[PDB]
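# Observations on the model geometry
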Amino acid sequence: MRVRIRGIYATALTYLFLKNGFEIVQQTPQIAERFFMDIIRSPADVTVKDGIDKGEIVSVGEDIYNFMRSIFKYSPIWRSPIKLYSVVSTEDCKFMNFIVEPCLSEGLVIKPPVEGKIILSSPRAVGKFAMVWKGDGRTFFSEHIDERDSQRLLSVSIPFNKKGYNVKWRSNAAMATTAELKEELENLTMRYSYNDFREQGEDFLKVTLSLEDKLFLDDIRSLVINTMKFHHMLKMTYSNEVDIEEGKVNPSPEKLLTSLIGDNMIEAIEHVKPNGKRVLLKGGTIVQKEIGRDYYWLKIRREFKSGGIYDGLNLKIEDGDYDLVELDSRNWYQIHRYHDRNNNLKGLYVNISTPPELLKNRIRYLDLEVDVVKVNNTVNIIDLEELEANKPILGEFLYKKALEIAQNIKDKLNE
Ligand SMILES: [Mg+2]
Ligand SMILES: [Mg+2]
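Per the PDB entry, the chain carries the name Probable ribonuclease FAU-1 and comes from Sulfolobus acidocaldarius. In the PDB, the structure is listed with the title "RNase W from Sulfolobus acidocaldarius". Its UniProt record, at the heading Function, says of the chain: "Probable RNase involved in rRNA stability through maturation and/or degradation of precursor rRNAs. Binds to RNA in loop regions with AU-rich sequences."

Written out as structure tokens, the structure is:
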């Protein structure tokens, strides 16, 4: 299969796709040079790029799920049951088990249901190179079409604009022969006029990368060009700063890591659920930290006001209650020590997760559902059934690893 790759993971991903037999196409000149390969100006069967959040990789086109699940063992992967750019029929503003927006009775899926919500637009006939529908008769271009390639495309779609068809050129169109393009618009306009959208959808998946797989990608990228530890994690906040440091004699991520939690304050903990939803949890003051060449550790103090129950502990939250949270880049867990205003220990909550990432004034981790709670000398592994519910997207390796950690923590808490 021919694959097109963009975004902060592109070098590491290019290595791994090559290593697994894919044809790389539409390389940038800088990718071509790094892999000593020719730029192939051919359409891609599948496109891999950053998600809306740079901590995600998305894939659109042919299904590569089984391949992605074997590269990324320690990351949730969601395969869309709904093909992107399919056309669906709606009732009561629902399609199957999903909400749609807007509430079109017939609509083109333009965003998959990552969290149970499908984004629609008015139907269009979609091929690999173009989308067509009825309108004024205008030609639109993907952002990723160079100007040198636009005029050829316009010459093809102008006739169809005259007929009242809007034409959206997709970036793959720039690599297609002119005869392919003409055939494409002939077929698309004909299918549109018959209201025929069968089999037009494209497969979609999203990898929510853990720090474990980001470090694996740092290692892979290291085989091609100079790469610091935490390179990809830092590329969520920094751009050229990371490359500058990687040109130095012994590159270290220490200063850029320190800058993220510069002022010893965490405004929020991003608790990422298996499905990708980022849940903001209360932050606090960094009372102690250690940032080295290849790891970081922090102790955060979180202040609580009256209100509610502490999850797992089943204890009421009182004014002046505080949490001492220990987290470490090498650890798949955070130890929360819950105290009252007079420093009395209320309980211990061990949050199980993928290794914590650093963002500007924020911590991020992929929560693994199972937790371990200790109150007095009661030590309980909780929410095993919620880890089970999330096994299809977590995959078996994260699932097994969260069971090992849980057992380990219980044994330690019981000593
Ligand atoms: Mg948890
Ligand atoms: Mg829970």
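### What to know about the state of the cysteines
Taken as a whole and judged by the stated rule, the model has one disulfide. Each sulfur in the disulfide pair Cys93 and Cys103 lies 2.0 Å from the other. Between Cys93 and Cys103 the sulfur-sulfur dihedral comes to about -80°; the bridge is accordingly left-handed. One end of the pair, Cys93, is in the loop between β6 (87–89) and β7 (94–95); the other, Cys103, is in the loop between β8 (98–101) and β9 (106–111), and ten residues separate them in sequence.

### Considerations on the nonpolar core
One finds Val132, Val167, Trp169, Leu181, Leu185 and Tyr192 to be the most contacted residues of the largest nonpolar core, which totals 30 residues. At the level of secondary structure, the elements contributing two or more residues to this core comprise β4 (56–61), β11 (125–126), β12 (130–134), α4 (147–162), β14 (165–169) and α5 (178–193). Those residues within four positions of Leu185 in sequence are excluded, and the remaining contacts are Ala130, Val132, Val156, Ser157, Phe160, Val167 and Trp169. In terms of nonpolar packing, the next biggest core, distinct from the first, is built from 29 residues, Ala12, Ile31, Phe35 and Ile220 among them.

### So, the side chain of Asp367
Mapped onto the elements, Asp367 comes out in strand β25 (residues 362–375). No salt bridge is formed by the buried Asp367. Its closest oppositely charged neighbour is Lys273, at 8.4 Å. Within the structure, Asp367 has its side chain in polar contact with the side chain of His271 (distance 3.1 Å). Sequence-distant contacts of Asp367, defined by excluding residues within four places in its chain, comprise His271, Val272, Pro274, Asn351, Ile352 and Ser353.

### Quick word on the coordination of the magnesium ion (ligand 1)
With distances of 2.1 to 2.4 Å, the protein atoms coordinating the magnesium ion (ligand 1) are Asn351 (OD1), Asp367 (OD) and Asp371 (OD). Look at where the donors of the magnesium ion (ligand 1) fall in the sequence and you get N-x15-D-x3-D. A gap of 5.4 Å separates the magnesium ion (ligand 1) and the magnesium ion (ligand 2). On the criterion of sequence distance, the pair formed by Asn351 in strand β23 (residues 345–353) and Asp367 in strand β25 is long-range, its members being 16 residues apart. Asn351 gets classed as buried once you look at its relative accessible area, which sits at 4%. The class for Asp367 is buried, based on a relative accessible area of 5%.

### Some remarks on the domain arrangement of the chain
The accessible area lost on association of the parts is a frequent measure of interface size. Taken domain by domain, the chain holds domain 1 (1–79 + 204–250) and domain 2 (252–413). For domain 1 versus domain 2, the distance between C-alpha centres works out to 28 Å. Facing the 31 residues of domain 1 at the interface are 33 residues of domain 2. Both sides together, the interface formed by domain 1 and domain 2 hides about 2,500 Å², and carbon and sulfur atoms give 61% of it. The interface formed by domain 1 and domain 2 holds four salt bridges in total. When the shortest N-O distance is used, the salt bridge between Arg364 and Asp53 registers 2.7 Å. Applying the counting rule to domain 1 against domain 2 returns ten residue pairs in polar contact. When contributions to the side of domain 1 that touches domain 2 are tallied by element, the ones reaching two or more residues are α3 (65–71), β5 (77–79), β15 (203–208), α6 (211–222), α7 (231–234) and α8 (240–246). Among the residues forming the side of domain 1 that touches domain 2, the class breakdown is 14 nonpolar, six polar and eleven charged.

### Considering the packing of aromatic side chains
According to the stated counting rule, one finds 13 aromatic pairs in the structure shown. A ring pair is formed by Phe22 and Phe67, whose centres lie 4.9 Å apart and whose planes are at 45°; its orientation type is tilted. Here the residue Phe22 occupies a position in the loop between α1 (10–19) and β2 (23–24), and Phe67 occupies one in helix α3, the gap between them amounting to 45 residues. Since its relative accessible area comes to 13%, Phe22 is described here as buried. Taking 5.6 Å as the distance between ring centres and 90° as the angle between the ring planes, the aromatic pair formed by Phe304 and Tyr338 counts as edge-to-face. Taken as a pair, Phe304 in the loop between β18 (296–303) and β19 (309–310) and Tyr338 in strand β22 (residues 333–339) lie far apart in primary sequence, 34 residues in all.

### Details of the environment of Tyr296
Tracing the sequence through the fold places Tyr296 in strand β18. Discounting residues that sit within four places of it in the chain, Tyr296 has contacts with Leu211, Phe230, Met233, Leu257, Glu290, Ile291, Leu327, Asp328, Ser329, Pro356, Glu357 and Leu358. A polar contact is formed between the side chain of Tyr296 and the backbone oxygen of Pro356, at a distance of 2.7 Å.

Cut-off values and rules
Residues numbered from 1 in each chain as written, not as in the entry; some residues may be left out. Chains lettered and ligands numbered in written order. Heavy atoms only, no water. UniProt positions renumbered as here; feature names shortened; annotations may be inferred. Disulfide = S-S within 2.5 Å. Helix = DSSP H or I, 4+ residues; strand = E, 2+ residues; numbered from the N terminus. Core = buried A, V, L, I, M, F, W, Y, C linked by side-chain atoms within 4.5 Å. Buried < 20%, exposed > 50% of the residue type's maximum accessible area, 1.4 Å probe, protein only. Contact = heavy atoms within 4.5 Å. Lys, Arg positive; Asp, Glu negative; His and termini not counted. Salt bridge = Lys/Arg side-chain N within 4 Å of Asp/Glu carboxyl O. Polar contact = N/O pair within 3.5 Å; in protein donor to acceptor, adjacent residues only side chain to side chain. Donors = N, O, S within 2.8 Å, 3.2 Å for Na, K, Ca; no water. Domains from an automatic or database assignment. Buried area = accessible area lost by both parts, 1.4 Å probe. Nonpolar A, V, L, I, M, F, W, Y, C, P; charged D, E, K, R; others polar. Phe/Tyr/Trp six-rings, centres within 6.5 Å; stacked < 30°, edge-to-face > 60°.

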